[PDB]
Amino acid sequence: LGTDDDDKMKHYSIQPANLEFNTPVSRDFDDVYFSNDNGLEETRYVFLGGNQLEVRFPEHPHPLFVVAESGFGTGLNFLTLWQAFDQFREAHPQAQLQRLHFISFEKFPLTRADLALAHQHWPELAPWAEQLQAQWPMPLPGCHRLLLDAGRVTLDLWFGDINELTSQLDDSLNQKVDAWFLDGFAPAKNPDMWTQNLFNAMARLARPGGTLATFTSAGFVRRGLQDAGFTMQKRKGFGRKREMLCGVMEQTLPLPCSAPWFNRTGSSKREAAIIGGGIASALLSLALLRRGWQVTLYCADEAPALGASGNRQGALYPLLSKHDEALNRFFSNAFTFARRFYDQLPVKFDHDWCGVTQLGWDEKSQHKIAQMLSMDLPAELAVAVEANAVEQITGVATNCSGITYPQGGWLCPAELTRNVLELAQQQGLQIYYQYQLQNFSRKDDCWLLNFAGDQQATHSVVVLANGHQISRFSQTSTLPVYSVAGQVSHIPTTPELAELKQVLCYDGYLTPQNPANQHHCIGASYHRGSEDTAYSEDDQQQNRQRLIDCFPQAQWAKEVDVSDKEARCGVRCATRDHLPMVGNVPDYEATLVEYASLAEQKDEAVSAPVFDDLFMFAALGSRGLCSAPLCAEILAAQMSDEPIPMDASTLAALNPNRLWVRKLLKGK
Ligand SMILES: Cc1cc2nc3c(=O)[nH]c(=O)nc-3n(C[C@H](O)[C@H](O)[C@H](O)COP(=O)(O)OP(=O)(O)OC[C@H]3O[C@@H](n4cnc5c(N)ncnc54)[C@H](O)[C@@H]3O)c2cc1C
Ligand SMILES: C[S@@+](CC[C@H](N)C(=O)[O-])C[C@H]1O[C@@H](n2cnc3c(N)ncnc32)[C@H](O)[C@@H]1O
Ligand SMILES: [Cl-]
């Protein structure tokens, strides 16, 4: 034992569908995706009509409707639903139902090319089809979220085998699905996907009273779903087909609580105070406002992005890893989500998706790159680059190989934070600057916040998104986060340095010029356990010098000029395991008492001891531009008892009580 023999069976890319036309036909399955002339009206009859969506929409007593689907395929069901939802909202703008959520699972996703071709056969759907195509995700495993129409429609595509994926979903998703679209290839010649495990999962995820519909009337499917707990009914088939099936969950099933120590719970309340001013608090605000939360932001400073989020140019690429499975999945999916989110964001901020190139300057660095190169990632995520091609790619001669992230680049985090915050204010965010939270206590049924002035406010929900100062409250004092101060030097461009087309990562990082500035940013110093933001001359020199040590023959590297003493200093908040800390704020003392002997009383274990209606968005390290968007989704979903776009184990890797609970589990 102890060998890497497993690695040859692991895959970090999902493979696309083998498509042909005549209508899209699957080569692998020898079936059509849908029927030829009548595909659109059949879709409306089977999936919309069989779940009685038109009747239910105007009386639906929740602001969200959640449809879940087996087998996304062409997207026809999704597009047809969206169209119907849009028509519903126009006819009944006063209805409580304001937002659509669609969760689909897909083993063989279409390429962007095939998807665009499939959609050509339905010019009626083109306004919706085009928006889908604009965000169609890179085929990586697991959950991919697309905010469509500014969050009015949300699409979670889970890439992989549906029968592997269903047991990977978080508990939060149970009893949340209003309607099932049980699609797939005709049972009698894809029996493989129509399993009991599938039907049971559908039953688990179904809201009590929730529906399902399907095209087939195969006996074994009817009985399988009855055994899962749905009340099933035969209804007339569209066209030639004599019969289809629909069902209702007419009972309340026992709610699952495996791993209660990782329970992500939400809140019933809809007004929140956020303690922040940085990227995290900014993106969170958007995510909460689009759901009709009342949001108040408090910031200690005179203006926002004076914390760690205040640089002029930060790099955006994912931290990949061969050994940390959860770190790799998080950053890969956060990264591509971050790119879609930033593309869609109606806010001006200086950026350029010019690519990021990491360089093998060292034996130690070549080896970390080689580790990453030995995973089969899609080229669109990360791809090797020879030494000869590096100069063509980056613009500069580095004299060594590397790996490039072609969808990566730089953005201006200070401006992004300010302009997002300014958008949130137009959407209703109340900001109070020069409000430094000292304290908060539970009074009656509110959180009482005490600011440094004898100022007080009361709020229903409090979210701590205050960077390195996260652990300065008694209810947070024992979080395993630590401060890392650092300095990024601002440098003028030269003729040699104006040739840089990309962000270079080495023992440090160098951005290309911001053409509006004629300046690059180059960093960064790393001071573990320091909260000191004073300008350091040694750090400044060292930001130049590290670059020169990595590429000793590079005449462009010597043209870096730090003599202006221009720099920016901030304090990162990090964890040993490099993942964020996002979720309920855990009660340390109550965790330790309640899970004292957890190593042998797992079965009787209570829900994770947390503070009520108190959340945190924290520890973004030096990769917050990459991680904040998806973390904003996760937290705001969790807070709202809405579908979280991540698998259970990656969520557990992001839970704030994780260190304590890991030790307590193993008895230590
Ligand atoms: C040197 C350096 C280089 C970096 N390089 C990169 C990079 O290349 N790529 C990248 O993606 N990221 C980079 N980062 C940033 C990293 O992503 C940070 O972790 C990120 O900016 C964290 O943002 P935040 O919103 O969590 O916290 P912050 O930006 O630190 O914001 C904290 C906010 O909380 C407020 N606050 C604190 N205490 C209180 C209080 N008690 N009451 C009210 N308000 C309070 C502060 O006013 C502040 O506005 C870098 C950061 C540094 C310092
Ligand atoms: C009939 S198509 C789906 C319908 C789609 N909305 C359309 O109109 O084109 C069937 C889909 O099921 C998918 N599928 C088959 N087995 C699967 C599995 N085990 N997990 C996830 N998807 C699967 C296929 O990839 C295919 O995309
Ligand atoms: Cl930055």
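Each ligand, and each atom within it, is numbered from 1 in the order the structure gives. Sequential numbering from 1 along the given sequence is applied to the chain's residues.
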Where's the contact between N311 and ligand 1, heavy-atom distance under 4.0 Å: side chain, backbone, both or neither?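 Under 4.0 Å from ligand 1, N311 contributes side-chain atoms alone.
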Taking atom 19 (N) of ligand 2 as the point of reference, which of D161, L198, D192, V32 owns the nearest heavy atom?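 The nearest heavy atom belongs to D161.
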Winner among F108, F185, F215 once heavy atoms are compared against atom 26 (C) of ligand 2: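 Result: the heavy atom closest to atom 26 (C) of ligand 2 is in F185.
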Quick test: of every protein heavy atom, which one is nearest to [atom], and how far off is it to 0.1 Å?
atom: atom 13 (C) of ligand 2; answer: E106 OE2, 3.7 Å
atom: atom 48 (C) of ligand 1; answer: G276 O, 3.9 Å
atom: atom 41 (N) of ligand 1; answer: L437 O, 3.1 Å
atom: atom 24 (P) of ligand 1; answer: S309 OG, 3.8 Å
atom: atom 28 (P) of ligand 1; answer: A308 N, 3.6 Å
atom: atom 47 (O) of ligand 1; answer: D301 OD2, 3.1 Å
atom: atom 13 (C) of ligand 1; answer: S622 O, 3.3 Å
atom: atom 44 (N) of ligand 1; answer: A300 N, 3.1 Å
atom: atom 27 (O) of ligand 1; answer: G467 CA, 3.5 Å

If you measure every N/O of [X] against every N/O of ligand 1, is any gap under 3.5 Å?
X: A280; value: yes
X: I279; value: yes
X: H468; value: no
X: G621; value: yes
X: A305; value: no

ring-ring contact (aromatic ring centres under 6.0 Å, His included), paired with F102, selected from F47, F85, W180, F78: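 For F102, the ring-ring contact (aromatic ring centres under 6.0 Å, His included) test succeeds with only one of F47, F85, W180, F78, which is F78.
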Out of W447, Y298, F440, which residue meets the ring-ring contact (aromatic ring centres under 6.0 Å, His included) rule with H459?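 The ring-ring contact (aromatic ring centres under 6.0 Å, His included) with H459 is passed solely by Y298 among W447, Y298, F440.
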Between [Y] and [X], do the side chains contain a donor N or O and an acceptor N or O under 3.5 Å apart?
X: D350; Y: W410; result: no
X: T195; Y: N163; result: yes
X: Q434; Y: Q436; result: no
X: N190; Y: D31; result: no

Quick one: are the ring centres of [X] and [Y] less than 6.0 Å apart?
X: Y405; Y: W353; answer: no
X: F105; Y: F72; answer: no
X: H144; Y: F159; answer: yes

Can you find a non-hydrogen atom of [X] under 4.0 Å from ligand 2?
X: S26; value: no
X: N77; value: yes
X: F29; value: yes

Of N543, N517, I522, which meets side chain to side chain contact (heavy atoms under 4.5 Å, CB included) against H490?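 Among the candidates, only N517 passes.
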Could you tell me how the ring of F199 sits relative to the ring of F220: parallel (under 30°), tilted (30 to 60°) or perpendicular (over 60°)?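 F199 vs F220 ring planes: tilted.
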Quick check on [X] - does any of its heavy atoms sit under 4.0 Å from an atom of ligand 1?
X: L316; answer: no
X: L306; answer: no
X: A315; answer: yes
X: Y509; answer: yes

Would you say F21 has more than 12 foreign heavy atoms packed within less than 6.0 Å of its CZ?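 Enclosed: over 12 neighbouring heavy atoms sit under 6.0 Å from CZ of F21.
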Go through it in stages, so that I can follow the logic: the residues are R312 and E415, the test is salt bridge (charged side-chain N to carboxylate O under 4.0 Å, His left out), and I'd like the CA-CA distance, side-chain angles, deciding distance and then a yes or no. CA-CA 8 Å; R312 317 204 198 209; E415 169 183 29; over 6 Å; no
So if I count the atoms of ligand 1 from 1 in the order they appear, which ones are less than 4.0 Å from some heavy atom of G277?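 Matching atoms, with element in brackets: 33 (C), 49 (O).
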Counting from 1, what ligand 1 atoms have a heavy atom of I275 closer than 4.0 Å?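 Atoms satisfying the 4.0 Å criterion: 40 (C), 42 (N), 43 (C), 44 (N).
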Check this for me: does any side-chain nitrogen of one of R572 and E531 sit under 4.0 Å from a carboxylate oxygen of the other?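 Salt bridge absent between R572 and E531.
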Can you check whether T74 has an N/O within less than 3.5 Å of an N/O in ligand 2?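 Min N/O separation from ligand 2 is below 3.5 Å for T74.
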